[PDB]
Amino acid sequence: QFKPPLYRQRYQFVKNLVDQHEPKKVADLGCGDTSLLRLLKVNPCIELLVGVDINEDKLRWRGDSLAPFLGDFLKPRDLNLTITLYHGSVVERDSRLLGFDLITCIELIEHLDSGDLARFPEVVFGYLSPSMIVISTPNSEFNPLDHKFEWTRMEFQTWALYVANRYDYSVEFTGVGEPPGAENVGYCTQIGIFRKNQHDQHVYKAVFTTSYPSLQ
């Protein structure tokens, strides 16, 4: 139904933001397969790539291939690249994720229960407070044409507009997935791109960390 798969369109949407803004530190919350990290590491602008996920099993053996290879030594990077996979939750605050340039929450909020969803903005926007946060979730108005909830365009936009004003951000709405008769349904995936206008807290469990060789 979608020429390139919808999950890949979501990944390419974030890659395009990365290409346009060149963030140095990037964290993907709910990274799952690590498929997004693998796409974003293509870009040489990133100096720190990070992944977080509650599911430790989903991260098993997926770190190994993110480490440098013999090619990366022979033809080296300009600056260091550190990659780190963490076993943790977005609801818990971890100081190693402060000062990031971009945080991505792709198809994650729908997996948060009411209680967890009430704490998510207090952490990602409130505590971490990166320069840019991207949250994507499905549009329930596309369904006629496990998730704890299925929000419409208004429901999401109203939650988003309250958060944007609370934690001092500006939110823009877009998406991926053409309808294509009946164009009024909107995109398949709703996207909100938020743009911003010292105790140690190590909660997460770093499952894998690697660093690349470099030379300027």
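Residue numbers here begin at 1 and follow the sequence given.
The deposited sequence places 1 to 3 unmodelled residues between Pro180 and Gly181. In the deposited sequence, the stretch from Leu145 to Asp146 hides 4 to 9 residues that have no coordinates.
Comparing 170 to 178 with 29 to 37, the higher mean C-alpha B-factor in the PDB entry belongs to 170 to 178. In this entry, the higher average B-factor at the C-alpha atoms falls on 153 to 161, of the pair 153 to 161 and 64 to 72. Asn139: CA B factor lies in the highest third for its chain, per the PDB record. Sort the chain's modelled residues by C-alpha temperature factor and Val203 lands in the highest third, per the entry. Residue-level temperature factors show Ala118 in the highest third of its chain, judged at the C-alpha atom. Among the modelled residues of its chain, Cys45 has a C-alpha B-factor that falls in the middle third according to the deposited record. The PDB entry assigns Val185 a C-alpha temperature factor belonging to the highest third of its chain's modelled residues.
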